[PDB]
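Here is entry-v8.pdb, consisting of PDB, C-alpha atoms:
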```
ATOM      1  CA  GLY A   1     107.599 -68.425  -7.480  1.00  0.00           C
ATOM      2  CA  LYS A   2     106.463 -65.103  -8.969  1.00  0.00           C
ATOM      3  CA  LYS A   3     102.964 -66.123 -10.198  1.00  0.00           C
ATOM      4  CA  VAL A   4     101.346 -65.324 -13.585  1.00  0.00           C
ATOM      5  CA  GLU A   5      98.548 -62.834 -13.090  1.00  0.00           C
ATOM      6  CA  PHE A   6     100.305 -59.875 -11.514  1.00  0.00           C
ATOM      7  CA  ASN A   7      98.948 -56.283 -11.919  1.00  0.00           C
ATOM      8  CA  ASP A   8     100.740 -53.085 -13.066  1.00  0.00           C
ATOM      9  CA  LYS A   9     102.692 -53.148 -16.369  1.00  0.00           C
ATOM     10  CA  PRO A  10     102.446 -57.195 -18.340  1.00  0.00           C
ATOM     11  CA  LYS A  11     103.930 -60.578 -18.865  1.00  0.00           C
ATOM     12  CA  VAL A  12     106.755 -60.497 -16.337  1.00  0.00           C
ATOM     13  CA  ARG A  13     104.354 -57.832 -15.202  1.00  0.00           C
ATOM     14  CA  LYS A  14     100.860 -56.374 -16.843  1.00  0.00           C
ATOM     15  CA  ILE A  15      97.170 -56.642 -17.199  1.00  0.00           C
ATOM     16  CA  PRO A  16      94.748 -56.970 -20.150  1.00  0.00           C
ATOM     17  CA  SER A  17      94.839 -54.105 -22.693  1.00  0.00           C
ATOM     18  CA  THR A  18      91.616 -53.125 -20.942  1.00  0.00           C
ATOM     19  CA  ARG A  19      90.927 -50.903 -17.946  1.00  0.00           C
ATOM     20  CA  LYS A  20      89.132 -52.221 -14.892  1.00  0.00           C
ATOM     21  CA  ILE A  21      86.382 -49.916 -13.656  1.00  0.00           C
ATOM     22  CA  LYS A  22      84.619 -50.228 -10.299  1.00  0.00           C
ATOM     23  CA  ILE A  23      82.533 -47.033 -10.301  1.00  0.00           C
ATOM     24  CA  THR A  24      78.812 -47.766 -10.541  1.00  0.00           C
ATOM     25  CA  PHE A  25      76.079 -45.148 -10.220  1.00  0.00           C
ATOM     26  CA  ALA A  26      73.657 -46.300  -7.529  1.00  0.00           C
ATOM     27  CA  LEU A  27      70.229 -44.753  -8.064  1.00  0.00           C
ATOM     28  CA  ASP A  28      68.917 -46.404  -4.914  1.00  0.00           C
ATOM     29  CA  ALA A  29      69.785 -49.085  -2.367  1.00  0.00           C
ATOM     30  CA  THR A  30      68.090 -51.465  -4.796  1.00  0.00           C
ATOM     31  CA  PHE A  31      70.562 -51.057  -7.682  1.00  0.00           C
ATOM     32  CA  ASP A  32      73.138 -50.706  -4.948  1.00  0.00           C
ATOM     33  CA  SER A  33      73.498 -54.253  -3.728  1.00  0.00           C
ATOM     34  CA  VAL A  34      71.967 -55.546  -6.960  1.00  0.00           C
ATOM     35  CA  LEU A  35      74.147 -53.557  -9.366  1.00  0.00           C
ATOM     36  CA  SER A  36      77.258 -54.263  -7.296  1.00  0.00           C
ATOM     37  CA  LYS A  37      76.516 -58.004  -7.124  1.00  0.00           C
ATOM     38  CA  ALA A  38      75.757 -58.202 -10.848  1.00  0.00           C
ATOM     39  CA  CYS A  39      78.502 -55.745 -11.739  1.00  0.00           C
ATOM     40  CA  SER A  40      81.260 -55.155  -9.178  1.00  0.00           C
ATOM     41  CA  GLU A  41      83.962 -55.032 -11.860  1.00  0.00           C
ATOM     42  CA  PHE A  42      84.222 -54.320 -15.583  1.00  0.00           C
ATOM     43  CA  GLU A  43      87.011 -54.524 -18.165  1.00  0.00           C
ATOM     44  CA  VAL A  44      87.021 -51.709 -20.713  1.00  0.00           C
ATOM     45  CA  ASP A  45      89.516 -51.670 -23.614  1.00  0.00           C
ATOM     46  CA  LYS A  46      90.700 -48.184 -24.685  1.00  0.00           C
ATOM     47  CA  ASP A  47      88.188 -48.308 -27.531  1.00  0.00           C
ATOM     48  CA  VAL A  48      85.002 -48.865 -25.550  1.00  0.00           C
ATOM     49  CA  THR A  49      82.680 -45.875 -25.653  1.00  0.00           C
ATOM     50  CA  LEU A  50      80.117 -45.023 -22.974  1.00  0.00           C
ATOM     51  CA  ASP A  51      77.668 -46.525 -25.486  1.00  0.00           C
ATOM     52  CA  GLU A  52      79.343 -49.942 -25.336  1.00  0.00           C
ATOM     53  CA  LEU A  53      79.801 -49.651 -21.577  1.00  0.00           C
ATOM     54  CA  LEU A  54      76.092 -48.966 -21.130  1.00  0.00           C
ATOM     55  CA  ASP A  55      75.238 -51.803 -23.493  1.00  0.00           C
ATOM     56  CA  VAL A  56      77.344 -54.376 -21.630  1.00  0.00           C
ATOM     57  CA  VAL A  57      76.301 -52.930 -18.289  1.00  0.00           C
ATOM     58  CA  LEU A  58      72.604 -53.172 -19.085  1.00  0.00           C
ATOM     59  CA  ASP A  59      73.036 -56.621 -20.624  1.00  0.00           C
ATOM     60  CA  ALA A  60      75.108 -57.836 -17.673  1.00  0.00           C
ATOM     61  CA  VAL A  61      72.580 -56.652 -15.090  1.00  0.00           C
ATOM     62  CA  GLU A  62      69.729 -58.024 -17.184  1.00  0.00           C
ATOM     63  CA  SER A  63      71.530 -61.368 -17.519  1.00  0.00           C
ATOM     64  CA  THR A  64      72.227 -61.654 -13.783  1.00  0.00           C
ATOM     65  CA  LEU A  65      68.901 -60.246 -12.613  1.00  0.00           C
ATOM     66  CA  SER A  66      66.504 -61.665 -15.200  1.00  0.00           C
ATOM     67  CA  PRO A  67      63.631 -62.566 -12.803  1.00  0.00           C
ATOM     68  CA  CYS A  68      62.982 -58.965 -11.743  1.00  0.00           C
ATOM     69  CA  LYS A  69      59.300 -58.936 -12.714  1.00  0.00           C
ATOM     70  CA  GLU A  70      58.802 -61.604 -10.051  1.00  0.00           C
ATOM     71  CA  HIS A  71      59.632 -59.265  -7.175  1.00  0.00           C
ATOM     72  CA  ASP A  72      56.979 -56.565  -6.764  1.00  0.00           C
ATOM     73  CA  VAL A  73      59.438 -54.340  -4.907  1.00  0.00           C
ATOM     74  CA  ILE A  74      62.010 -54.623  -7.688  1.00  0.00           C
ATOM     75  CA  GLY A  75      59.364 -55.141 -10.396  1.00  0.00           C
ATOM     76  CA  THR A  76      59.318 -51.454 -11.397  1.00  0.00           C
ATOM     77  CA  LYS A  77      62.930 -52.111 -12.440  1.00  0.00           C
ATOM     78  CA  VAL A  78      61.442 -53.963 -15.418  1.00  0.00           C
ATOM     79  CA  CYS A  79      59.387 -50.982 -16.578  1.00  0.00           C
ATOM     80  CA  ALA A  80      62.363 -48.660 -16.167  1.00  0.00           C
ATOM     81  CA  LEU A  81      64.639 -51.179 -17.876  1.00  0.00           C
ATOM     82  CA  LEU A  82      62.281 -51.492 -20.836  1.00  0.00           C
ATOM     83  CA  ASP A  83      61.937 -47.715 -21.077  1.00  0.00           C
ATOM     84  CA  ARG A  84      65.714 -47.324 -20.959  1.00  0.00           C
ATOM     85  CA  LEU A  85      66.141 -49.918 -23.695  1.00  0.00           C
ATOM     86  CA  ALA A  86      63.365 -48.199 -25.660  1.00  0.00           C
ATOM     87  CA  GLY A  87      65.545 -45.189 -26.492  1.00  0.00           C
ATOM     88  CA  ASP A  88      66.287 -42.896 -23.546  1.00  0.00           C
ATOM     89  CA  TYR A  89      68.860 -44.555 -21.290  1.00  0.00           C
ATOM     90  CA  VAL A  90      71.503 -42.720 -19.245  1.00  0.00           C
ATOM     91  CA  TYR A  91      74.241 -40.473 -20.668  1.00  0.00           C
ATOM     92  CA  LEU A  92      77.685 -40.547 -19.035  1.00  0.00           C
ATOM     93  CA  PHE A  93      80.540 -38.024 -19.189  1.00  0.00           C
ATOM     94  CA  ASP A  94      83.802 -37.144 -17.456  1.00  0.00           C
ATOM     95  CA  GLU A  95      84.426 -34.197 -15.133  1.00  0.00           C
ATOM     96  CA  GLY A  96      84.256 -31.854 -18.128  1.00  0.00           C
ATOM     97  CA  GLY A  97      81.417 -32.662 -20.526  1.00  0.00           C
ATOM     98  CA  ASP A  98      83.186 -34.665 -23.218  1.00  0.00           C
ATOM     99  CA  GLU A  99      81.787 -38.145 -23.823  1.00  0.00           C
ATOM    100  CA  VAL A 100      84.764 -40.202 -22.663  1.00  0.00           C
ATOM    101  CA  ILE A 101      85.488 -42.966 -20.158  1.00  0.00           C
ATOM    102  CA  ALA A 102      87.791 -41.928 -17.323  1.00  0.00           C
ATOM    103  CA  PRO A 103      88.511 -42.705 -13.631  1.00  0.00           C
ATOM    104  CA  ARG A 104      85.618 -40.420 -12.674  1.00  0.00           C
ATOM    105  CA  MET A 105      82.622 -40.651 -15.005  1.00  0.00           C
ATOM    106  CA  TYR A 106      79.153 -39.293 -14.240  1.00  0.00           C
ATOM    107  CA  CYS A 107      76.539 -41.788 -15.440  1.00  0.00           C
ATOM    108  CA  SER A 108      72.950 -40.529 -15.512  1.00  0.00           C
ATOM    109  CA  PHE A 109      70.076 -39.390 -17.725  1.00  0.00           C
ATOM    110  CA  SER A 110      71.165 -35.806 -17.059  1.00  0.00           C
ATOM    111  CA  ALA A 111      73.264 -33.877 -19.574  1.00  0.00           C
ATOM    112  CA  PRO A 112      76.586 -32.381 -18.347  1.00  0.00           C
ATOM    113  CA  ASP A 113      75.001 -28.949 -17.873  1.00  0.00           C
ATOM    114  CA  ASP A 114      71.758 -30.489 -16.663  1.00  0.00           C
TER
END
```
Please go through the file and, once you have read it, give me the structure as structure tokens.
Amino acid sequence: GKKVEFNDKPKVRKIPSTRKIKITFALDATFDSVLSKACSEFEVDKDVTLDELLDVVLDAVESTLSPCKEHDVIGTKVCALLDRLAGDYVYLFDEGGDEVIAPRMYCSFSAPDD
């Protein structure tokens, strides 16, 4: 009995030294079902910075949805993806302005003040 993968505090009871996030910014219905399917859950250690989160997020989505240029409707996603990887991506901050990962983080290409 008991199990071996419980949640809440480890071993007899815990989870990985990482935090599981489920908040994904949906720009449109497209990256809604697509982003959710490719990324419905993520594990972030307490050392991962928005930069790393964005990196793994972009890589994950790119890995799952590689054949995007094939779909004309989604196509554009390729141009935007390339542009995002070019330099300007999407900044993310908490409900304050400080660049930190928390339960409620605002991910977008718009500064805190915007």
Provide the atom CA of residue 6 of chain A to atom CA of residue 61 of chain A distance in Å, to one decimal place.
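Computed distance, atom CA of residue 6 of chain A to atom CA of residue 61 of chain A, equals 28.1 Å.
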Just say which residues the PyMOL selection byres ((chain A and resi 85-98) around 7) picks in this file, as a ChimeraX atom specification.
/A:50,81-84,99-102,104-112
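The gap separating atom CA of residue 53 of chain A from atom CA of residue 25 of chain A is 12.8 Å, in Å to one decimal.
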Rank nothing, just name the residue among A:63, A:43, A:54, A:68 nearest to residue 15 of chain A, using all atoms listed in the file.
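Distance minimum relative to residue 15 of chain A lands on A:43.
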Axis-aligned box over every listed atom of segment 54-70 of chain A, padded by 8 Å per side: centre and edges in Å to one decimal, as lines of an AutoDock Vina configuration file?
```
center_x = 68.1
center_y = -55.8
center_z = -16.8
size_x = 34.5
size_y = 29.6
size_z = 29.4
```
Identify which of the residues A:67, A:76, A:103, A:2 lies closest to residue 23 of chain A, counting only C-alpha atoms when measuring atom-to-atom distances.
A:103
Can you pull out every residue within 8 Å of segment 29-37 of chain A, counting only C-alpha atoms, but drop anything in the same chain fewer than 5 positions away, and send it as a list in words?
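Counting only the stated atoms, we get residues 24, 61, 65 and 74 of chain A.
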Would you mind telling me which residue in A:13, A:46, A:52, A:38 lies nearest to residue 66 of chain A when using all atoms listed in the file?
A:38
Atomic separation - atom CA of residue 57 of chain A relative to atom CA of residue 71 of chain A, Å:
21.0 Å
Which of A:73, A:4, A:44, A:56 sits closest to residue 22 of chain A [using all atoms listed in the file]
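For residue 22 of chain A, the nearest of the given residues is A:44.
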Nearest residue to residue 8 of chain A from the set A:20, A:80, A:45, A:69 (distances using only C-alpha atoms)
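Among the listed residues, A:20 lies closest to residue 8 of chain A.
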Compare A:19, A:79, A:64, A:26 by their minimum atom-to-atom distance to residue 48 of chain A, counting all atoms listed in the file, and give me the closest one.
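Ranked by minimum distance to residue 48 of chain A, first place goes to A:19.
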